[PDB]
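Input: a single structure, listed below in structure tokens.
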Amino acid sequence: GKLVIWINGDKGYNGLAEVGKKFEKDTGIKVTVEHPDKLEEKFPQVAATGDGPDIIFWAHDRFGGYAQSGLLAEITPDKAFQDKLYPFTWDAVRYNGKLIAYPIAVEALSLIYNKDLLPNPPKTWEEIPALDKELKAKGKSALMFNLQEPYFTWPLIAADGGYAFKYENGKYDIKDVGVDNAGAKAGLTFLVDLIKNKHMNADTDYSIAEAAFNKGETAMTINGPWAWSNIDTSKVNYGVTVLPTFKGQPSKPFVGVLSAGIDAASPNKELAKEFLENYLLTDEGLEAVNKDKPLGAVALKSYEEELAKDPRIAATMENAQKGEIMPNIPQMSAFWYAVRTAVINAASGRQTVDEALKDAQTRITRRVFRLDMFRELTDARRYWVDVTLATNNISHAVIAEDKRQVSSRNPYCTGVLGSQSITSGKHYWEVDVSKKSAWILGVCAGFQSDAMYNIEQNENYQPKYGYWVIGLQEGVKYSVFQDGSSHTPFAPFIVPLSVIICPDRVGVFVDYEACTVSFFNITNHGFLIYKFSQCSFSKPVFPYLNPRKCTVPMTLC
Ligand SMILES: OC[C@H]1O[C@H](O[C@H]2[C@H](O)[C@@H](O)[C@@H](O)O[C@@H]2CO)[C@H](O)[C@@H](O)[C@@H]1O
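Residues 5 to 374, 1287 to 1327, 1348 to 1493 (the deposited numbering) are what the sequence shown spells out, left to right.
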């Protein structure tokens, strides 16, 4: 019987505590609100060890990562409760068909301006440079906001067409990432120009922007609802308006639903539900918090209706309508981290915009960072790539909707390739074969259907026909599929591979420039199993995976 809640320092924690206090009054169990630094990164660490907060408050996008990691408990709330909050907020906090958090509030960056200093807010980004030069000649600046966090710079970047993950056919494609497109390069390019024109300074952080604006030294800032409190403290005449256009288009700011998740390890899930459902998520409760620091537009229809009266909230909503509510998938933290780095590198001059985004994009797209072993092996792992299988049909093998493993069917071609292709560089990935009777693992340059008919089913894989692969048969017989003699085209030359230990996991390493494809026995200290060398790479080449009608999954990595 206790509750520990974690919430950001930006947010109105004290207001929340007041809610905690009333909950304690009624039920006599203590509630503690803690607002620790970088709680978003800390939470997985502590929670996993068994001691983490019972309840955590953050924007929805992370929560997928948490949920996948199994740190979040599912929530059982009744149909009638669900009705009280908007269904789109619920969707934000839905992962793999399960609700993982309670939605609380909807937060969107707004353009905030000092009315006394500036009569009319800029409709366009492009006018702002002229304005700031006008303003400098009075010891003041046009615009200051946190450049360190990509949350604040994303809206401009997305304006002309930058995007994180392509959503199509009802699903986010983690591979189709638009950080490196024309639109994104255009947006970031404008910003770097502002910095090098001395209009804005690359170091400006949250505190700097906020201090400057509150002290009326800058005409504009960019921020969410939580910030309105401090500006009220400063007695500044301010408006909250729509973000300016870039290349004639709306700034598209990612929209967050502040959400309350329940630690999977919490002994007090039962208490947590009531607190959230019956105490916080009520007119009384949100008011408490909102009076401390503004929540934005709340999820609770009851109270939000009274909030919509505030013109500032309307402005928040207008910017949200122009933007996109964040994805909640696990890759969001890669996205963010990559963009965080690209922004500062470009603004500090340590990289060109075009570099920064190619860096950031490959980082997100392929090179995901998601001893006592063979040195070559550890070397190869340095180049490790994330791989998802591409569904192209039919081969009769089943693939998990995660696109990360494949097995056969009970009911003769079952063979599958990696979604992404290879034309340059070094790629490493691992495949879990454990507990499988048979399989073929290797690098496949394509089905090459119509190239010549046969290989798919009669299982002749020969480098000459573009298959560099090794195989398991009958539980303990391992083979390399080297290419055969001229007359014998149909059958591959099969070489007994001597493996001392059945590998539960195998590592495939492609150095495209080298024309080398190497196989490592992860189970057995990463020793080399086989290496195809001097192999013709005339074509893009993809990872190959064949269950070999095993009926047991081959999982990637
Ligand atoms: O900056 C990357 C960051 O963006 C979002 O964080 C926001 C948060 O949603 C707001 O509520 C407020 O506190 O500002 C934050 C940025 O300073 C994402 O929610 C977060 O996961 C991501 O790291």
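A virtual CB, placed ideally from N, CA and C, is assigned to each residue, including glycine.
ask   = Where does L195 land, buried or exposed, given buried means 16+ other C-beta within 10 angstroms?
value = Taking a 10 Å sphere around the C-beta of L195, we find 16 or more other C-beta atoms and assign the residue as buried.
message = Nearest by alpha-carbon distance to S1385: which of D314, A71, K256 and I1310 is it?
response = Selected option, being the one with the closest Cα: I1310.
inquiry  = In this structure, how does DSSP classify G74 when only helix, strand and coil are distinguished?
reply    = In the displayed model, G74 falls within coil according to three-state DSSP, outside both helix and strand.
query = On the three-state DSSP scale, how would you describe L262?
reply = strand
ask   = Does the beta-carbon distance from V1442 to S263 come in below 7 Å?
value = no
request  = Report the three-state DSSP secondary structure of residue 1335 (helix, strand or coil).
outcome  = Gap note for the chain: numbering proceeds from 1327 to 1348 with nothing in between, so residue 1335 has no coordinates.
query = Cβ atoms of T1294 and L1287: under 7 Å apart, would you say?
reply = yes
query = Between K1400, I1358 and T1459, which lies nearest to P1479 when the distance is taken from Cα to Cα?
reply = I1358
inquiry  = Looking at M321: is its Cβ nearer than 7 Å to the Cβ of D65?
reply    = no
inquiry  = Does the beta-carbon of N241, which I'm using as the reference point, lie nearer than 6 Å to any heavy atom of ligand 3?
reply    = Looking for ligand 3 in the displayed structure turns up nothing; the ligands present are ligand 1.
inquiry  = For the pair the segment 114 to 131 and the segment 347 to 358, tell me if three or more CB-CB distances fall below 8 Å.
reply    = By the criterion of at least three beta-carbon pairs nearer than 8 Å, the segment 114 to 131 is not in contact with the segment 347 to 358.
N118, enclosing beta strand (DSSP E) - first and last residue = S114 to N118
request  = Take the Cβ of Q1393 as the centre, count every other Cβ of all protein chains shown within 10 Å, and call the residue buried at 16 or more, exposed below.
outcome  = exposed
key: Pair within 7 Å by beta-carbon distance, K46 and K6   = no
message = For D267, tell me which candidate among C1451, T53, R1291 and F1473 has the shortest Cα-Cα distance.
response = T53
message = Let's test the definition: count the other Cβ atoms within 10 Å of the Cβ of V1412 and tell me whether it reaches 16, buried, or not, exposed.
response = Per the 10 Å Cβ criterion, exposed.
message = Suppose the cutoff is 7 Å on Cβ atoms and the five residues either side in sequence are ignored; what does the same chain contact list for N323 look like?
response = Answer for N323: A112, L113, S114, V246, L247 and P257, listed in chain order.
query = Roughly how many angstroms lie between the CA atoms of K1372 and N1326, to the nearest whole one?
reply = 14 Å
ask   = Can the beta-carbon of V181 be found less than 7 Å from the beta-carbon of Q1409?
value = no
message = Using 8 Å as the cut-off, can you tell me whether the segment 140 to 152 makes contact with the segment 197 to 213, which would need three or more C-beta pairs spanning the two stretches below that distance?
response = yes
task = State yes or no: is the C-beta of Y155 nearer than 6 Å to some heavy atom of ligand 1?
result = yes
ask   = For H1461, does the count of other Cβ atoms within 10 angstroms reach 16, so buried, or fall short, so exposed?
value = The Cβ neighbour count for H1461, taken over all protein chains shown within 10 Å, is under 16; the residue is labelled exposed.
ask   = Taking the DSSP output, what are the residues bridged to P1479?
value = DSSP output for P1479 lists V1379 as bridge partner(s).
request  = Specify, as a first and last residue, the run of the alpha helix (DSSP H) that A105 falls within.
outcome  = Counting along the chain, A105 sits inside no alpha helix (DSSP H); it lies in the beta strand (DSSP E) bounded by residues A105 to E111.
key: DSSP state of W129 mapped onto helix, strand, coil   = coil
inquiry  = By alpha-carbon positions, which one of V37, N12, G13 and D14 ends up nearest to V23?
reply    = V37
query = Should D65 be counted as a contact of ligand 1 given a C-beta to heavy atom distance under 6 Å?
reply = Answer for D65: yes, Cβ within range of ligand 1.
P1432 - containing beta strand (DSSP E), residue span = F1429 to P1432
ask   = Do three or more CB pairs link the segment 158 to 176 to the segment 140 to 149 at distances below 8 Å?
value = no
request  = For the beta strand (DSSP E) containing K1467, list its first residue and its last residue.
outcome  = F1463 to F1468
request  = Could you spell out where the beta strand (DSSP E) holding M336 opens and where it closes?
outcome  = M336 -> not in any beta strand (DSSP E); alpha helix (DSSP H) instead, spanning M336 to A351.
query = Between the segment 270 to 285 and the segment 331 to 343, do three or more beta carbon pairs fall short of 8 Å?
reply = Judged by Cβ distances under 8 Å, the segment 270 to 285 makes no contact with the segment 331 to 343, as fewer than three pairs qualify.
inquiry  = Quick check on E328: does DSSP put it in helix, strand or coil?
reply    = strand
key: Range of the contiguous alpha helix (DSSP H) that encloses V1322   = That residue, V1322, is in no alpha helix (DSSP H); its beta strand (DSSP E) goes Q1321 to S1323.
query = Measuring CA to CA, which of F1468, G265 and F1383 is closest to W10?
reply = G265
ask   = Leaving out five residues before and five after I1315 in sequence, what residues of the same chain have Cβ atoms less than 8 Å from its Cβ?
value = Non-local beta-carbon contacts of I1315 in its own chain, meaning distances under 8 Å to residues more than five positions away in sequence, involve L1305, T1307, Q1321, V1322 and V1352 in chain order.
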